[PDB]
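Heads up: the structure comes next, in structure tokens.
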Amino acid sequence: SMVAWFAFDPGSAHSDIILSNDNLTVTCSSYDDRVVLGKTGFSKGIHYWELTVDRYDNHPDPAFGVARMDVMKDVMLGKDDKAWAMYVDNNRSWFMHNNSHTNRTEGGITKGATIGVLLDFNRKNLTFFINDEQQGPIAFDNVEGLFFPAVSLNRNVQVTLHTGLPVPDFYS
């Protein structure tokens, strides 16, 4: 297929991660944010996938992005130097990498929201979407090497992974 179909990798997950629904749905047992990765790694081309927010209780900062296979699994994505992510609450997002917060953007998530992640190895960049609108500027501009889709979240969030998608501009 022109699109990639994948699920989360149970072998990538922190022990507190709960995978369900053919490894397409994830939550966590802990108040602490924990990581899971996609099973398919990307190193070239352009790839888009989405997360649907099934549950968003209280005001946590789940994170979405890409990571190396050896990213820290027990902390928010982007606390270490092996993930590039957007974290977002009900109000606003930030981008994070190496414990550096950048490009705060107004607008957040709620139950039913969609988060899109556009990983572009030809432009070496990473762009985020919320509800089919670009969230902030291009987040990062030195994308290279092998990356896996990545999520971090805690017990206040559940998300479902949607793959088999083309790039956001594919139609119309």
Side-chain angles (χ1 to χ4, degrees), residues 1-56 60-88 93 95-99 109 111 113-122 124-130 135 139-140 142-168:
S1 54
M2 186 266 297
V3 299
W5 297 97
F6 60 87
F8 294 118
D9 178 11
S12 77
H14 193 269
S15 51
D16 295 332
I17 287 287
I18 303 160
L19 283 174
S20 64
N21 181 38
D22 296 290
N23 298 331
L24 297 166
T25 298
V26 65
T27 187
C28 190
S29 60
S30 179
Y31 201 71
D32 288 324
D33 284 329
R34 306 301 196 195
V35 174
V36 64
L37 304 183
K39 192 150 189 71
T40 297
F42 302 111
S43 62
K44 60 180 169 180
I46 186 171
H47 307 283
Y48 185 72
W49 59 89
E50 285 185 347
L51 297 307
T52 296
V53 176
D54 302 321
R55 183 168 54 82
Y56 184 85
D61 289 296
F64 308 87
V66 294
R68 310 300 188 194
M69 61 180 336
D70 58 335
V71 63
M72 289 176 74
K73 303 302 187 301
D74 67 320
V75 296
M76 165 184 289
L77 293 176
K79 287 278 177 72
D80 79 0
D81 62 337
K82 297 181 186 62
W84 292 257
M86 178 186 66
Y87 69 82
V88 57
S93 64
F95 308 139
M96 218 185 146
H97 173 69
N98 198 39
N99 217 19
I109 58 166
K111 177 178 174 168
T114 66
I115 298 109
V117 185
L118 181 64
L119 175 63
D120 179 346
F121 290 92
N122 297 322
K124 298 190 171 172
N125 61 23
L126 185 65
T127 311
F128 293 93
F129 297 75
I130 300 181
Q135 181 77 0
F140 298 98
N142 194 11
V143 169
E144 62 189 359
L146 181 67
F147 275 125
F148 297 87
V151 181
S152 66
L153 75 181
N154 79 347
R155 67 166 166 76
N156 280 327
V157 181
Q158 176 180 294
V159 302
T160 293
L161 173 66
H162 290 283
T163 70
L165 299 177
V167 293

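Reckoned from all heavy atoms, side chains included, excluding hydrogens, waters and symmetry mates. Along the sequence shown, residues carry numbers from 1.
Counting only heavy atoms from C-beta outward, the side chains of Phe129 and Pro168 approach each other to under 4.5 Å. By the 4.5 Å heavy-atom criterion applied to side chains, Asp74 and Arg34 are counted as neighbours. Put simply, the side chain of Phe8 reaches to within 4.5 Å of the side chain of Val151, judged on heavy atoms. Within the 4.5 Å cutoff, the side chain of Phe42 has heavy atoms near those of the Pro149 side chain. No side-chain heavy atom of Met72 sits less than 4.5 Å from a side-chain heavy atom of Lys82. At least one side-chain heavy atom of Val71 sits less than 4.5 Å from a side-chain heavy atom of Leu37. Side-chain atoms of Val143 and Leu119, non-hydrogen and from C-beta on, do get closer than 4.5 Å to each other. By the 4.5 Å heavy-atom criterion applied to side chains, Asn23 and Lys39 are not counted as neighbours.
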**Study point:** Trace of the side-chain contact (heavy atoms from CB on, under 4.5 Å) decision for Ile46 with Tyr48
**Key:** CA-CA 7 Å; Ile46 186 171; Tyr48 185 72; over 6 Å; no
Practice item. Applying side-chain contact (heavy atoms from CB on, under 4.5 Å), run through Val26 and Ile17 and close with a yes or a no. Key: CA-CA 7 Å; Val26 65; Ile17 287 287; 3.5 Å; yes
(Q) One pair to check against side-chain contact (heavy atoms from CB on, under 4.5 Å): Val3 and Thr163. What are the steps and the verdict? (A) CA-CA 8 Å; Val3 299; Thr163 70; over 6 Å; no
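Checking side-chain atoms of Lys124 against main-chain N and O of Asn122 turns up no donor-acceptor pair under 3.5 Å.
Across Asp81 and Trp84, no two heavy atoms sit closer than the pair O-CH2, 3.6 Å. Scanning all heavy atoms of the two residues, the minimum distance from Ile130 to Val88 falls at CD1-CG2, 3.9 Å. Shown here for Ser29 and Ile18, the closest heavy-atom pair between the two residues is N-CD1, 3.9 Å. For the pair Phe64 and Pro62, the tightest heavy-atom approach, listed with the atom from each and the gap, is CE1-O, 3.7 Å. When all heavy atoms of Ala7 and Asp22 are compared, the pair lying nearest together is CB-O, 3.6 Å. Between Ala63 and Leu77, the shortest heavy-atom distance links the atoms O-CD1, 3.8 Å.
Residues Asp33 and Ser152 bring no donor and acceptor atom of their side chains to less than 3.5 Å of each other.
Taking the six-membered ring where the residue is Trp, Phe121 and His47 present perpendicular rings, their angle passing 60° and hence far from 30°. Aromatic ring pairs are classed by plane angle as parallel below 30°, tilted from 30° to 60° and perpendicular above 60°; the pair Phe6 and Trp49 is perpendicular.
Test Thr52, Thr25, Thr114 against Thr160 for side chain to side chain donor-acceptor pair (under 3.5 Å) and you get one pass: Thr25. Each of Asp61, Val35, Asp32 was compared with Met76 under the side chain to side chain contact (heavy atoms under 4.5 Å, CB included) criterion, and only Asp61 meets it. Test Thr27, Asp54, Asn21 against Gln158 for side chain to side chain donor-acceptor pair (under 3.5 Å) and you get one pass: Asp54.
We find the OH-CG distance between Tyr56 and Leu153 to be 11.5 Å, quoted to the nearest 0.5 Å. The structure places CG of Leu165 at 10.0 Å from CE of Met2, a figure rounded to the nearest 0.5 Å. In this structure, CG on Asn125 lies 12.5 Å from CD on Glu144, to the nearest 0.5 angstrom. For the atom pair CG of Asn142 and NE2 of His97, the computed distance is 9.0 Å after rounding to the nearest 0.5 Å. Between atom CG of residue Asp16 and atom CZ of residue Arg155 there is a gap of 11.5 Å, rounded to the nearest 0.5 Å. Taken from OG in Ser12 to NZ in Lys73, the straight-line distance is 6.5 Å, to the nearest 0.5 Å.
Cation-pi check for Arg68 over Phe148 is not met; the charged atom does not lie both under 6.0 angstrom from the ring centroid and within 45 degrees of its normal.
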